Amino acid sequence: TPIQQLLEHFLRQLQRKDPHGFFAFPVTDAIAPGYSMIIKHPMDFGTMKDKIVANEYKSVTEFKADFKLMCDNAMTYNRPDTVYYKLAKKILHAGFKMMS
């Protein structure tokens, strides 16, 4: 669909802000001790791609809520001085400005 074109572009633009791919793939408790108990609704760019391909977003509002959920979860789990926290808070605000 055309929403798919739109969302695929926003996705690729957001994902360029993450050159190490910190957000490319689901987090597992082995790389992030205690993650699945703290974060109740995990999200990552890969899951978001598949939701685009699968036509699950019906509006750009729904896509931006999963983006924010992904950055919210990183803020929550990771200590503020960490590359993870920094990059989540930075990309959350810039990606929302980019996609308005």
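We number the residues from 1 along the sequence you see.
Of the two segments, 62 to 70 and 33 to 41, the one listed with the higher mean B-factor is 33 to 41 (C-alpha atoms only).
The stretch 78 to 86 shows the higher mean C-alpha B-factor when 17 to 25 is compared against 78 to 86 in the entry. In the deposited entry, the Cα temperature factor of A94 places it in the middle third of its chain's modelled residues. In this PDB entry, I3 carries a Cα temperature factor that places it within the highest third of its chain's modelled residues. Compared with the other modelled residues of the chain, the Cα B-factor recorded for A54 ranks in the highest third.
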